[PDB]
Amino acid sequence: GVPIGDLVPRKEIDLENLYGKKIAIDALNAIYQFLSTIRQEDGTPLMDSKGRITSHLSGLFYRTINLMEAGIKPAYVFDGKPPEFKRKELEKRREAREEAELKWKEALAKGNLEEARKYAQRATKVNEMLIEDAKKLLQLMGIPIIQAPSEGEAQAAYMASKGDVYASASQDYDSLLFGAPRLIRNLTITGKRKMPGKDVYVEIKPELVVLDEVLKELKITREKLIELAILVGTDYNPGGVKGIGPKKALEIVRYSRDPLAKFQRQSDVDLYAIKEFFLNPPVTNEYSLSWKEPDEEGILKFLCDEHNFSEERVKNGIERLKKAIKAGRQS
C-alpha cells in the first residue's frame, strides 16, 4: 500500500458494531498480517513437521471464526493476475535468470529481521502457493471467497461501491483510492490492546476509515487523492517522485490542476498509466456470497494428517464456527 497514513482520519469501533455486517476482507493482506502475528513463543512462524509455514492457515482458520463468533460475516477477495505496471524494455520480461524459487520459499525474513513481502512482489518468486492453501482451506472452512480480475483491494472496494458489504478490510488504504466508502482496519489483529507490541497500533481495537471524512477534512476531490498517493508512491512505483512526502503532495495536487504533469520526465514509470488504473480498476461482478458448510474430515486431513495441526483443537475448533455459521436465525 501507500504511506498516506498520517493524512487519513480515523474513528474507533469495538467488535460489537460489526454485529451482523457483511465485510469484504482482502486475503493476501490478511495472510501477511498472520505471517507476522501468529508466531511461536520461541519467535518463529508456525511450521508443519515437513518444514513449510503454517501460520496463514492457523490464522485464517481461527480468526475468521472468532470474527464470525462476533457476528461479522467475511468474504475474502482474491487477486487476479496482478496488473504488472512497469516498463516494457525486454518485450517479455519473462524468466529473467535471477534467483527464482529460493527467494521466498527459504525466506529467512519471516524469521523477522525485515519485511520481505517486498522480495515476492517484483517479477517472480511465485508464492501463489501461499494463497492456494488459503482459498483451499477457506472453501472447506465454509467462507465466501470472492476471486477478482485485477487487484484484490479494488474488487474489495467495488463490493462496497455497490452495497454488497459495509466495508473493505485491509491494513492498507489502497481501497480508499479505488473508492471504498468504508475501510475498517484492525480485524485480523484486533486483540488485547495494552502494554507492548510488534509495532503496537495502541488501540489494536478496530478503526473505521470513511472515504467521506477522509475527503472532507483534507479537501481534495477523490481523483486528486489518487494523485497525491501516486507522487508519494504506490506498490506500482515503490518510492514516488523523488523527494515528495504526504503533505507536499497534499499541495501539488491540492491546487495545481493536473499535477502529475510536471514529473514523469522527472524520472519514473508513466504516472498517467497508474492513475487510470486506480480510477477504472478491472472489477468482477460475478461472485455469489454465502453457500455451504465445513467438511470436518476434509479439514482434519488438511490441517492434521497434512499439516500437523493438533487434531484436538481443530475438532473442537470447527465446532466453534459451526456454532457461528449455521446459527444466524433465519430473520
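Counting begins at 1, following the sequence as shown.
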Would you tell me which stretch averages the higher CA B-factor in the PDB entry, 130-138 or 112-120? 112-120
Higher avg CA temperature factor (275-283 vs 31-39, as deposited) belongs to 275-283
Looking at 78, 236, 166, 201, which one carries the largest C-alpha B-factor according to the PDB entry? 201
What's the residue among 174, 99, 251, 227 with the greatest CA temperature factor in the PDB record? 99
How does the C-alpha B factor of residue 26 compare with the rest of the chain: lowest, middle or highest third? lowest
Using the B-factor values recorded in the entry, state whether the Cα atom of residue 89 falls in the lowest, middle or highest third among the modelled residues of its chain. highest
Tell me, lowest, middle or highest third: where does the Cα B factor of residue 106 rank within its chain? highest
In terms of its chain's C-alpha B-factors, the third that includes residue 301 is the middle
CA B-factor placement of residue 217, once the chain's modelled residues are sorted into thirds: middle
